């Protein structure tokens, strides 16, 4: 599925910083029961940056096995070297994932032509559906609408996680792509606005801890009941904002632990444990959402 509430799932870890199989299973049962439409495995919220590619692949496969056909799983496959993106993608060919979420190269700031060649080469080395992923504040570069339109002519490239928070992009991209191209918010706080402008869903951090509300918000959104969707959004808005009070996924892993969804809120450096003041801030947002 590429519609409704898609969770960028945390990679729950034990105190040693390795994947915790029991916590992950508990999360996957929760999204199955909550109406979550799909799982993105080892996206940004899944700590793609601090897992090596082997550990990345193990978590994806584990996630897929635990999902057990009950919920589609999208693998994060981003790399800032194109050859490395191809290679990571190839680990998942013929695996069972329904598609790949692939980020604009970070750090080396390619040109728009570089971005075209990067994603085009990735798409040509796989049969899997490809969701582009733009997040300039993290990467240092910005996959503009013109270039997305160009990449959408690749049969294999089928959508975009747009995480700028810049809502004008929804209709600038939509003009240049076919009606089958999927537009997903990558920014929880603006995602309902995004869907009202014609977006088809959200790859969400908030959905890690408020999976039922989020699934119901996007359903209402897709049916055109935007006023009713907003009541849920206002309930979730403190969470939309305060889950980034400290760098993601520090707040959401703590929140998961507080809700009993995971055993520990451990992260890998350079991500650090939530501060005392961060706990209070996130606790309060959870209370506002009616969860704690």
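Residue numbers count along the first chain shown, from 1.
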219-227 versus 257-265 - which carries the larger mean C-alpha B factor in the record: 219-227
Which of 279-287 and 8-16 has higher mean CA B factor, as the PDB entry lists it: 279-287
From 94, 113, 162, 142, residue of greatest CA B-factor: 94
Where the record places residue 150 (Cα B-factor, split into thirds across the chain): middle
Relative C-alpha B-factor of residue 169, binned into the chain's lowest, middle or highest third: lowest
Entry-reported Cα temperature factor of residue 119, expressed as the chain third it lands in: middle
Position of residue 158 among the chain's modelled residues by C-alpha B-factor, lowest, middle or highest third: middle
Entry-reported Cα temperature factor of residue 130, expressed as the chain third it lands in: middle
